[PDB]
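Chains as they are written, first to last, in the numbering used here: chain X, 3 to 33; chain P, 189 to 289; chain Z, 1234 to 1284. Beta carbons: idealized from backbone N, C-alpha and C, even for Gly. Written out below as structure tokens is the structure these notes cover.
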Amino acid sequence: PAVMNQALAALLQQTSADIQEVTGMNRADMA
Amino acid sequence: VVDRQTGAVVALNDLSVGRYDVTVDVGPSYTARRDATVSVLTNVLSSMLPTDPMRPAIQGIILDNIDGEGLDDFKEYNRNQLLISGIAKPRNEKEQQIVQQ
Amino acid sequence: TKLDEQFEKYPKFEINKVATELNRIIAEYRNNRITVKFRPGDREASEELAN
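Here it is in structure tokens:
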């Protein structure tokens, strides 16, 4: 049966985290 | 005895005066004297009970040294209130003969 | 590289992560701007001069 290589899963997780990370005294904390 | 002054055409250093009676210490650095006065008076305050009698005098003295724009009338009113209470010691120009009278 | 008689280039992805703290510092400054202030002295007319 079909398999999922670990590189693809790692890339999925890393890209998902990086999208949220890059795209963002109380007012100054807001983006 | 209430004034300390030096005078000379070219500064005269009297070798017979001797060592002064001051001690070298360290403290916070202030840009102006008003800052030092306000800081020391505020430190004196906030350790006194709200019912203490001299607290209004401390507050008046503190407010006398506050500087800002558009505070002429308020400062004059506070100074008059302090003068009529025998705390300001009129500086012998017009209020020693008008406000005190 | 040549890569079988061509010039395909290496993929060069960019994920900028060093600008967040710089933006935070810039926003911190722009939230509380500072200017020049003149303090009075111990004179009868220094207050009006400073004003």
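To the nearest angstrom, report how far apart residue i and residue j are at their CA atoms.
i, j, result
"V214/P", "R222/P", "18 Å"
"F262/P", "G256/P", "11 Å"
"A11/X", "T17/X", "10 Å"
"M242/P", "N253/P", "17 Å"
"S217/P", "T230/P", "16 Å"
"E1254/Z", "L14/X", "26 Å"
"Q284/P", "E1280/Z", "22 Å"
"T194/P", "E264/P", "34 Å"
"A199/P", "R192/P", "15 Å"
"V287/P", "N266/P", "13 Å"
Could you work out which residues of chain Z lie near residue i, taking near to mean beta carbons separated by less than 7 Å?
i, result
"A220/P", "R1272"
If we cut at 8 Å on Cβ distances, does residue i have a partner in chain X?
i, result
"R1257/Z", "yes"
Can you check whether the C-beta of residue i is within less than 8 Å of a C-beta belonging to chain P?
i, result
"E1254/Z", "no"
"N1284/Z", "yes"
Is it buried or exposed for residue i, if we count other Cβ within 10 angstroms and need 16 for buried?
i, result
"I249/P", "buried"
"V226/P", "buried"
"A276/P", "buried"
Residue i touches chain Z at which residues, Cβ-Cβ below 8 Å?
i, result
"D255/P", "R1272, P1273, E1280 and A1283"
Within 8 Å of any Cβ in chain Z, is that where the Cβ of residue i sits?
i, result
"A19/X", "no"
Taking residue i as the query, report the chain X residues whose CB atoms sit under 7 Å from its CB, ordered along the chain.
i, result
"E1261/Z", "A30"
"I1248/Z", "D20 and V24"
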